[PDB]
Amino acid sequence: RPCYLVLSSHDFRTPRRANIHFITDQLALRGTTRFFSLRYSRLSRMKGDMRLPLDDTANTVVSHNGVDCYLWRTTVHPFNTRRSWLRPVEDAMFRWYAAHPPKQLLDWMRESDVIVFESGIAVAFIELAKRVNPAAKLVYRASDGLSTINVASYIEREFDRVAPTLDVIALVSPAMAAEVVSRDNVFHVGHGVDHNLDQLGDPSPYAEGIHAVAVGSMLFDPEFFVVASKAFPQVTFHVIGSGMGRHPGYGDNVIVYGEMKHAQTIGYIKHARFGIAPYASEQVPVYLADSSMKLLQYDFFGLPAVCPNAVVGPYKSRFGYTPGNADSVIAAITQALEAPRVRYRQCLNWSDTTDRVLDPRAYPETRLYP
């Protein structure tokens, strides 16, 4: 119809939408779309899974925004124990998990024309997909490098083993290609933006003054704002969906917002003087410069950005600092305040991105290899 199946450790029903959600929306426009949510177990209650609100729907198909969703809940799920001595039990758990898919996965695999595997646990199901439906186009979407999200050795090995057999390896960033053991099926397809951004970004949420925006909780560093708010009393810092509340070190020029619907964030981005990607750590992959969603959204608007030096990457209008280093935070902001707004980055919309995720060979510029 084309029929799509997405395998991911996300669930489609989560309010926090990631890249795979935006792709899945596009898929849902193109045909019947299923989103099979992995790495969820009774153990998932021990540490604190964001999909727990969905638990009473586990192991059943739920429709959500035109997508058939299934949160697979096993008793235990396989994971990186991060103990090299536990690797043989890890491998056993992974093999077991992969050997016991629910019939619902098998049926959906069979019904699909296209199966999209997100980087991560979905790797464990690539071989299975090929056995169930060798006609399905198998599309790996590398939202992350495997080693960065620190998958179990099993997943890395399995990915290396099956990578050549994928129809598509769609890397968010060319920087991910070094750890992908395949070539001819490896493509660059960065994150999309909504087709709509410029419309969403009006009207302005801001009154007079200088407004800085940060959106998102990834590695959120409150210390950035502690320093920045003190150093720039004339700047209002709009801290949206940081995943935490009003840190006691924030000055009064910091406005802390709860989670905001993506569409509503856009005005705050479009009309800001500069944006901030306050990653607490520089222990981040080189690709984060490319794969950062907030930074892409700032870039869409040409919004000058302040971010750690490690995610400035190959980009203009990004002013790097060292986390924990007040002077560098201050120096970066001073620069971002004076930076012109220029749309340097070409940002395909989600539909055009999905086109390329699905059929990168039709868009030969996506090729990462001869």
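Residue positions are given as counts along the sequence shown, with the first one as 1.
The mean Cα B-factor in the deposited entry runs higher for 152-160 than for the other of 102-110 and 152-160. When 262-270 is weighed against 87-95, 87-95 comes out higher, by mean CA B-factor as recorded in the entry. The entry assigns its greatest Cα B factor, within the set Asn133, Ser147, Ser217, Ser143, to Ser147. Based on the entry's C-alpha B-factors, the most elevated value among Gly275, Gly209, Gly120, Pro222 belongs to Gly209. Annotation for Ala18: C-alpha temperature factor in the highest third relative to the rest of the modelled chain, per the entry. Among the modelled residues of its chain, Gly245 has a C-alpha B-factor that falls in the middle third according to the deposited record.
Among all modelled residues in this chain, the alpha-carbon of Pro233 has a temperature factor (C-alpha) in the highest third. In this PDB entry, the Cα temperature factor of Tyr344 sits in the middle third of its chain's modelled residues. Ranked against the other modelled residues of its chain, the C-alpha B-factor of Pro78 as given in the entry falls in the highest third.
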